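Examining the three-dimensional arrangement
These are the residues of each chain, in order.
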2 protein chains.
Amino acid sequence: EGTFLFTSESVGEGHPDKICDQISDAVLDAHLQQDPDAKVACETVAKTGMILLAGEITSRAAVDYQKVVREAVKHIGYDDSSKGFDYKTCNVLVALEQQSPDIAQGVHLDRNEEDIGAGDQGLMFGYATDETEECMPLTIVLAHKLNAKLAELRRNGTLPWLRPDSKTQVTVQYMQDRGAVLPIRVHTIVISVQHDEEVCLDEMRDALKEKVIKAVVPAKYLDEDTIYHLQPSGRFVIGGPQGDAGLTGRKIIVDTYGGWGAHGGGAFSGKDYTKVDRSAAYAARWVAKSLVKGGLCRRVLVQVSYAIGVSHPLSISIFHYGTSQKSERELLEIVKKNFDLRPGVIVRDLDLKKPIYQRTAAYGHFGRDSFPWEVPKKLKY
Amino acid sequence: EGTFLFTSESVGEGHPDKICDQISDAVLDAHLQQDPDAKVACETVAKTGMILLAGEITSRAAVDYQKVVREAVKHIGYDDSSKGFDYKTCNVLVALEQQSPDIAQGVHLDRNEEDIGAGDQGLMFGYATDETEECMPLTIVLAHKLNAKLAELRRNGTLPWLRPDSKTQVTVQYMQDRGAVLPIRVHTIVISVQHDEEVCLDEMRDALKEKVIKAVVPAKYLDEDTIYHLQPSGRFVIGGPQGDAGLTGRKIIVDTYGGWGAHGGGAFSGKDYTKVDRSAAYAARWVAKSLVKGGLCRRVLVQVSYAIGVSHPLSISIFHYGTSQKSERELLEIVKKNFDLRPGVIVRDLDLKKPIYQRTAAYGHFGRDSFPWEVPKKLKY
Ligand SMILES: [C]OC1=[C][C]=C(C2=N([O])C([C])=[C]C3=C2C2=[C]C(O[C])=[C][C]=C2O3)[C]=[C]1
Ligand SMILES: [C]OC1=[C][C]=C(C2=N([O])C([C])=[C]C3=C2C2=[C]C(O[C])=[C][C]=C2O3)[C]=[C]1
Ligand SMILES: CSC[C@H]1O[C@@H](n2cnc3c(N)ncnc32)[C@H](O)[C@@H]1O
Ligand SMILES: CSC[C@H]1O[C@@H](n2cnc3c(N)ncnc32)[C@H](O)[C@@H]1O
Ligand SMILES: [Cl-]
Ligand SMILES: [Cl-]
Ligand SMILES: [Cl-]
Ligand SMILES: [Cl-]
Ligand SMILES: [Cl-]
Ligand SMILES: [Cl-]
């Protein structure tokens, strides 16, 4: 009574959509290393034997797209035709043009940096929950950690039959406490991972339970009733882009809160800070985490929105789920007194010209590695 | 006091991401017209002069991709190099292969149709709100209708300077009533639309207020304080794929609830019913709308989740926001007694082999045209 199930998923570095996010952000980083003011909107498409870059870049950088793309694919682990994809021998196609001059003139040309317009309209949410130290939903944290564990055991040669493409999914039973949520138990785990032609299904299922799940999920959450769907398709030899076409910005819920909170639809990867889809979403996470770590609420949702060419947000909204003694109006006044959510100020506060974006493009953008948006602001009120 | 702002956006038929959704669904429909059991996973990429199809189709259909793609672009209105894109003369590139045999064997081969596995893992939400007759958030309904009005005035020659690429955004001030939400006023409207080189900015801004906003938004929601950002970039001559690379499944919040409810991350367009990203999301909307229209709640969120190769959902969750006298446990029992959320049963209930998908791929998948998932089920309990 008063309990509910909630499910989140994550994917591995070799999931074809995630390959595209990582390549898009490798391209962004390569530009920012030479030109901190590069305007980048780099979409990636992946299918059998092909990486295509499509989009708009205006930059002073001299970037070797062949090297940047192939080094990203090498890092992921696609290094042989036996695995379905090889950085050494794949096709890299480029359909990149300058940023539209109409966008440039409306957003940033002859603008003071602090007063640059939003690079697009849109809406963005931030979310934080006190249910974990990293202020993230346990469902998504566990799902990410299961993919990270697969990559670790592949890379260290423990499970050498593993290939880079994986997906995981975690269902947790929760109770509610005055709008806060408390995780009780893991109800169901799914793991699907690409594998070689030698290993049999029983060996894989045993290894996924004993060397992956048991190495990630605390035993206090697992019981005799927990349901395991391990290699539920029965065979996953074909994988990566050969199994499924990938695109940049097709894992936006994996990238954020795993179904919790809300999403405004904007993808992160391949975009410089003037694209508020990324900078304002990072800032909204920073606000949400600052409110929870500051002790003002246990759980909070922040919405912001923008118009192309306009610096200041068009709307700011705060929902505390009943977990603050302060009114949502009082929290909004604290946020307005402590934060400046113009993209040309967010860039300074969160250091968003730094080429750290490829690091964000797997295992979620939030809840790890003390990125600037994960370091709470000390609030004055 | 007790009021809040909430923002949603929509895009027009010529927005490059939406072009891709419509082409992906034109391809799906072309297959289903000949082979109701076609397995389709068709991604589309659009950039200057290029439509690329990438993905996996196993089908008995004989499909002319050149004709299907070009007819979709013609319908959208890109018919001349002056508009930045022309169905007659663009490049159509195809990178389509058979569905992975590993997926096919794990999902549907030698399966009874009712007992087909989910085509992937994932999570999906349904949402419904009594704030409009169509059980959708007013923010998203108004945003969609503003884009539909632009297309209408372009196509009827009223505003012949209009081009197909548009975006809109609506901020509404709401009050809450025991978990239900009541829209009070329109706080801010954004409209950006591609235009010709002849029309001046003041003519466009006047027309967008008088012939678009006033023709869509009831005057009772507008006042002297309503903020209008009309052509806020100042110039939008370059547009469509020339202005911004488009991809299938990059408008998933426009396609659904405009930030309300929740999203599990799955894109709809280009996918047959075995892909639960589409079929289970449609079924979850159907459940949510059935609960609200059945008088069991004013507002409701439904989560379901799946594992690849497994027919039945792994989890089902119901949140009524405090708007039911029934417990969320009692609502879950009503749902379990009235619905079968296996994809091989959803296909029968919602007629998902019918080639109606291109019609879903602009102006939202929900809240219009009495699609099967918009016709409430009469509930027995
Ligand atoms: C988005 O995201 C989410 C939302 C909401 C939630 C919740 N909250 O918050 C509270 C307080 C309580 C509850 C809930 C739920 C949900 C469900 O399903 C979906 C069921 C039941 C329940 O209960 C969560 C999550
Ligand atoms: C997702 O989606 C959403 C969620 C939630 C909501 C709400 N609910 O429900 C209630 C009852 C009340 C409230 C809310 C809000 C929000 C905000 O922002 C975001 C602010 C404030 C407020 O309040 C909505 C929407
Ligand atoms: C079902 S295709 C969608 C995603 O599922 C994964 N996938 C691909 N092939 C299989 C398979 N044979 N079994 C399980 N998951 C798969 C890959 O991560 C792919 O991007
Ligand atoms: C800002 S690029 C993202 C989207 O905004 C729109 N857009 C493109 N160019 C402009 C412009 N000059 N002004 C306003 N919106 C634009 C198009 O719909 C594009 O897909
Ligand atoms: Cl790299
Ligand atoms: Cl923790
Ligand atoms: Cl400030
Ligand atoms: Cl058509
Ligand atoms: Cl209505
Ligand atoms: Cl039933």
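Residues numbered from 1 in each chain as written, not as in the entry; some residues may be left out. Chains lettered and ligands numbered in written order. Heavy atoms only, no water.

Going by the header, the method for this PDB entry is X-ray crystallography, and the resolution given is 1.15 Å.

The PDB entry annotates chain A as S-adenosylmethionine synthase isoform type-2 originating from Homo sapiens. Anyone opening this PDB entry will find it titled "Crystal structure of human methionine adenosyltransferase 2A (MAT2A) in complex with allosteric compound STL232591".

**Some words on the site of ligand 2**
Around ligand 2 sit 13 residues in total, of which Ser317(A), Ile318(A), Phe4(B), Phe6(B) and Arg299(B) are the nearest. In this structure, ligand 2 is bordered by residues of chains A and B. In this structure, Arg299(B) approaches ligand 2 through a side-chain N or O atom, which is 2.5 Å from an oxygen atom. Among the elements of the structure, β13 (315–319) of chain A together with β1 (3–11) of chain B are those that each provide at least two residues to the shell around ligand 2. The element contributing the most residues to the shell around ligand 2 is β13(A), with three residues. (Near = heavy atom within 4 Å. Polar contact = N/O pair within 3.5 Å; in protein donor to acceptor, adjacent residues only side chain to side chain. Helix = DSSP H or I, 4+ residues; strand = E, 2+ residues; numbered from the N terminus.)

**Examining the relation of the copies chain A and chain B**
Under the fitted operation, chain A is carried onto chain B by 0.0 Å of movement along the axis and a turn of 180°, and the coordinates agree to an RMSD of 0.0 Å. This pairing of chains is accounted for by a two-fold axis. Residues of chain A ranked by C-alpha distance from the rotation axis are headed by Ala262(A), positioned 2.8 Å from it. The overlap is high: 100% of the interface residues of chain A also sit at the interface in chain B, so the same surface is used on both sides. (Least-squares fit on C-alpha atoms. Contact = heavy atoms within 4.5 Å.)

**Remarks on the packing of aromatic side chains**
Within the structure shown, the criterion is met by 32 aromatic pairs over all chains. Here the aromatic rings of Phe4(B) and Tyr174(B) are separated by 5.5 Å at their centres, their planes lie at 15°, and the arrangement is stacked. Of the two residues, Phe4(B) is situated in strand β1 and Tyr174(B) in strand β8 (residues 162–177); the sequence distance between them amounts to 170 residues. Note on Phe4(B): relative accessible area 23%, which makes it partly exposed. With 5.0 Å between their ring centres and 65° between their planes, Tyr174(B) and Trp260(B) make a pair best called edge-to-face. Taken together, the residues span a long stretch of sequence, with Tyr174(B) in strand β8 and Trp260(B) in the loop between β11 (246–247) and α6 (276–293) at a distance of 86 residues. On the basis of relative accessibility, which here comes to 0%, the residue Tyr174(B) falls in the buried class. Cluster of aromatic residues (ring-pair linked, three or more members): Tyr127(A), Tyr257(A), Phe268(A), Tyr282(A), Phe319(A), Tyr321(A), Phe366(A), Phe371(A) and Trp373(A). (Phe/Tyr/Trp six-rings, centres within 6.5 Å; stacked < 30°, edge-to-face > 60°. Buried < 20%, exposed > 50% of the residue type's maximum accessible area, 1.4 Å probe, protein only.)

**A few points about the pairing of strand β2 (residues 39–47) of chain B**
Residues and elements named next belong to chain B. Taking burial as the measure, the nine residues of β2 include nine buried ones, the bulk of the element. Burial along β2 is two-sided: the residues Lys 39, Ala 41, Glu 43, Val 45 and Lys 47 and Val 40, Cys 42, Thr 44 and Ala 46 are all buried. Relative to strand β3 (residues 50–58), β2 is paired through nine bridges, and the arrangement is antiparallel. Residue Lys 39 lies in a different strand from β3, and its bridge partner there is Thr 58. As consecutive antiparallel partners, β2 and β3 are separated by two residues, and within that stretch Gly 49 has a phi angle of approximately 75°, a positive value. With two bridges connecting them, β2 and β11 associate as antiparallel partners. (Pairing = 2+ DSSP bridges.)

**Quick word on the pattern of salt bridges**
Residue and element names in this part refer to chain A. On inspection of all chains with the given rule, the structure shows 60 salt bridges over all chains. With a shortest N-O distance of 2.8 Å, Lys 353 and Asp 37 are connected by a salt bridge. Taken as a pair, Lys 353 in the segment after α8 (343–350) and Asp 37 in the loop between α1 (16–34) and β2 (39–47) lie far apart in primary sequence, 316 residues in all. Between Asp 351 and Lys 354 there is a salt bridge, with the nearest N and O atoms lying 2.8 Å from each other. (Salt bridge = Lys/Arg side-chain N within 4 Å of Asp/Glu carboxyl O.)

**Some thoughts on the environment of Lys18(B)**
Residues and elements named next belong to chain B. Relative to the assigned elements, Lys 18 resides in helix α1 (residues 16–34). Residue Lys 18 is classed as buried on the basis of its relative accessible area of 0%. Separated by 96 residues in sequence, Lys 18 and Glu 114 place their C-alpha atoms 32 Å apart. Residues in contact with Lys 18, not counting those within four places in the same chain, are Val 11, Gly 12, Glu 13, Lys 251, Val 254, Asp 255, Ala 361 and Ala 362.

**What to know about α1(A)**
The end-to-end C-alpha distance of α1(A), which contains 19 residues, comes to 28 Å, matching closely the 27 Å that a straight helix rising 1.5 Å per residue would cover. With respect to burial, α1(A) is a largely interior element, 17 of its 19 residues being buried. (Expected span 1.5 Å × (residues − 1).)

**Comments concerning the sheet that holds strand β12 (residues 299–306) of chain B**
Residue and element names in this part refer to chain B. Taken in spatial order, the three strands make up an open sheet running β7-β12-β13, and their pairing is antiparallel. Edge positions in the open sheet fall to β7 (122–129) and β13 (315–319), since each of these has one partner strand only. Here the strands of the sheet are splayed against their neighbours by 15° on average, with no regard to which way each runs. Alignment of β7 against β12, held across eight bridges, turns out to be antiparallel. Residue pairing for β12: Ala 128 is matched across the bridge by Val 300. Contacts from α6 reach β7, β12 and β13 within the one sheet, and its direction differs from that of β7 by about 30°. (Axes fitted to C-alpha atoms, helices over the stretch in contact; angles between N-to-C directions.)

**Thoughts on the interface of chain A and chain B**
Counting residues at the interface gives 72 residues for chain A and 72 residues for chain B. In total, about 5500 Å² of surface goes out of reach between chain A and chain B, with carbon and sulfur atoms giving 53% of it. If you sort the residues of chain A by the area they bury against chain B, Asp102(A), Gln121(A) and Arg250(A) come out on top, with a joint share of 13%. At the boundary of chain A with chain B, the tally comes to eight salt bridges. Note that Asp102(A) and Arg235(B) form a salt bridge whose closest N and O atoms lie 2.9 Å from each other. At the junction of chain A with chain B, the criterion picks out 36 residue pairs in polar contact. The dominant element in the side of chain A that touches chain B, judged by the number of residues it contributes, is strand β1 (residues 3–11) of chain A, at six residues. (Buried area = accessible area lost by both parts, 1.4 Å probe.)

**Remarks on the sheet that holds β1(B)**
All names here are of chain B. The mixed open sheet is built from four strands, whose spatial order is β1-β8-β9-β10. Looking at which strands have only one partner, the edges of the open sheet turn out to be β1 and β10 (227–230). With direction set aside, neighbouring strand axes in the sheet form an average angle of 20°. Alignment of β1 against β8, held across nine bridges, turns out to be antiparallel. Across the sheet, the residue bridging to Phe 4 is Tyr 174, located in β8.

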